[PDB]
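Because only heavy atoms are used, hydrogens play no part in the values below, and waters and symmetry mates are left out as well, while side chains stay in. Here is how names work: the chains are called A, B, and so on, in the same order as the sequence lines, proteins then strands, and each is numbered from 1. Counting starts at 1 for both ligands and their atoms, following the listed order.
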Number of protein chains: 2
Amino acid sequence: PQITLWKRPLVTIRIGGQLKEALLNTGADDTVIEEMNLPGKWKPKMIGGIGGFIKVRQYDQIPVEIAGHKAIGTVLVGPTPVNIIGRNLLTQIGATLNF
Amino acid sequence: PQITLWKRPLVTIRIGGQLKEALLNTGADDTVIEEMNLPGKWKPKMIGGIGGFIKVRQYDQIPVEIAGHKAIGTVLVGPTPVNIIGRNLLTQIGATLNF
Ligand SMILES: CC[C@H](C)[C@@H]1NC(=O)[C@@H](NC(=O)[C@@H]2Cc3ccc(cc3)OCCCCC(=O)N[C@@H](C(C)C)C(=O)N2)Cc2ccc(cc2)OCCCNC1=O
């Protein structure tokens, strides 16, 4: 599909058995999802945004379906006002920027 | 052009007559450029993201050429980690997400 940018490019994703709304984010190296009691082993990580760094839990090889497209990779969990799908998963669904 | 996402989608822009590298960020409502001098009057504003808020200088109706495409809109100037082209200007150059 094609998504314009008049508004935030929010789409439905499925992770850990739950459906959530997430932002297709070309400005994010990583995928960060709002605090979720996700099971599995994790490693601590710090990621930086416009205002500074925040602590997140890094989970590997997590299946994540994006608008019906299956992906699997690293998902970071932490306090974020919006669920973010980063380039690590956007590449998996063959997403591009076009103009 | 069609840009894949294995790497950060950085492109060269010209703003205020100067060249800079900036990130095409579909996850940003606004455009934020590193501290620099820009013609005209600016208004103090605050913008947020991961890590919290930062103080910026809001300049309106600023011409920005993004990899050959023209845009004229709001540019926030402040201590951002990287130069960011947000949806306000991405829409102007006709950029869309495709997958
Ligand atoms: C998940 C973030 C990701 C790890 C990070 N990218 C951003 O934070 C990028 N910003 C974003 O992804 C956020 C996403 C977001 C969207 C809506 C949000 C919060 C966060 O709701 C509240 C704020 C709404 C206003 C907004 O759109 N803020 C933008 C900002 C650039 C204007 C923002 O921070 N977008 C910008 C950036 C910052 C630092 C960068 C590279 C790029 O280099 C540091 C190392 C790599 N970091 C990243 O890739």
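- At least one side-chain heavy atom of B:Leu24 sits less than 4.5 Å from a side-chain heavy atom of B:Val11.
- Note that CZ of A:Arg87 and OG1 of A:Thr31 are 10.0 Å apart. Values are rounded to the nearest 0.5 Å.
- To the nearest 0.5 Å, atoms CZ (A:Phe53) and NZ (A:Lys45) are separated by 9.5 Å.
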Within the protein, flag every N or O under 3.5 Å from an N or O of ligand 1, and note the pair and distance.
from: ligand 1; atom 1: 6 (N); to: A:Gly27; atom 2: O; distance (Å): 3.0
from: ligand 1; atom 1: 12 (O); to: A:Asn25; atom 2: ND2; distance (Å): 2.7
from: ligand 1; atom 1: 27 (O); to: B:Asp29; atom 2: N; distance (Å): 2.9
from: ligand 1; atom 1: 28 (N); to: B:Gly48; atom 2: O; distance (Å): 2.9
from: ligand 1; atom 1: 35 (N); to: B:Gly27; atom 2: O; distance (Å): 2.9
from: ligand 1; atom 1: 47 (N); to: A:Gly48; atom 2: O; distance (Å): 3.0
from: ligand 1; atom 1: 49 (O); to: A:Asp29; atom 2: N; distance (Å): 2.9

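- For the residue pair B:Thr26 and A:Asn25, no side-chain donor N or O sits within less than 3.5 Å of a side-chain acceptor on the partner.
- Salt bridge absent: A:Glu34 and A:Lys20 never bring a charged side-chain N and a carboxylate O closer than 4.0 Å.
- For the 3.5 Å distance criterion, the side chains of A:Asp29 and A:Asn88 fail to qualify, holding no donor opposite an acceptor.
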